[PDB]
Amino acid sequence: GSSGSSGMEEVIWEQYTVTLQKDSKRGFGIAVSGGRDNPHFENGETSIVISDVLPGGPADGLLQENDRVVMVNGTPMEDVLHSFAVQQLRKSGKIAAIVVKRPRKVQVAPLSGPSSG
């Protein structure tokens, strides 16, 4: 059933495709938590999310914490096992491509510019 024409305070989910380099050991300096069977997400989200982003590695900047992972090197991380998500990471030689999405609430900002001293 559906109440009717509804849709307010929506959110624009933008995707970000960044490439990470397998550092010495930390490699992609990232960690995944959750799973389609063990969604730690207190709320309940069967979507792999980065619960760790090496603040001093390759990830620091490219990716961020809570980066709803969607695809990885051409693999859907939606409704997948935690091991399945990491697998791709360990499989990726040294460079991997991850596509995460971030909630960009519908906001509006005026016109700004430089400032004096």
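For the structure itself, consult the block above.
Throughout, residue numbers begin from 1 within each chain and advance along the sequence as written. They need not agree with those in the entry, and any residue without coordinates is left out. Side-chain metrics in this entry use all non-hydrogen atoms of the structure; hydrogen atoms and water are not considered.

This next bit is on the nonpolar core. In terms of nonpolar packing, the biggest core is built from 19 residues, with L20, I30, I48, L63, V69, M77 and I98 touching the most fellow members. The way it works is that DSSP assigns letters per residue, a run of H or I at least four long becomes a helix, a run of E at least two long becomes a strand, and they are numbered from the N terminus. If you list the elements that add at least two residues to this core, you get β1 (11-21), β2 (30-33), β3 (49-53), β4 (68-72), α2 (82-91) and β5 (95-105). For this core, the element with the highest residue contribution is β5, accounting for three residues. In contact with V69, not counting residues within four places along its chain, are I48, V49, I50, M77, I98, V99 and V100. Here the nonpolar core consists of buried residues drawn from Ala, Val, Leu, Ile, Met, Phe, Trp, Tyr and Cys, with membership extended through side-chain atoms lying within 4.5 Å. Note on exposure labels: buried denotes an accessible area under 20% of the residue type's maximum, exposed denotes more than 50%, and partly exposed covers the range between, all computed with a 1.4 Å probe on protein chains only. Here, two residues are considered to be in contact whenever any of their heavy atoms come within 4.5 Å of each other.

Another aspect to go through is the side chain of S92. Residue position: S92 is located in the loop between α2 and β5. Residue class for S92 comes out buried when judged on its relative accessible area of 7%. Engagement of the side chain of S92 in a polar contact is seen with the side chain of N73, the distance being 3.0 Å. Setting aside residues no more than four positions away along its own chain, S92 makes contact with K22, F28 and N73. Between N or O atoms, a polar contact is any pair within 3.5 Å; within protein, one atom must be a potential hydrogen donor and the other a potential acceptor, and residues adjacent in sequence are included only when both atoms are from side chains.

By themselves, these are just geometric observations and shouldn't be taken as functional.
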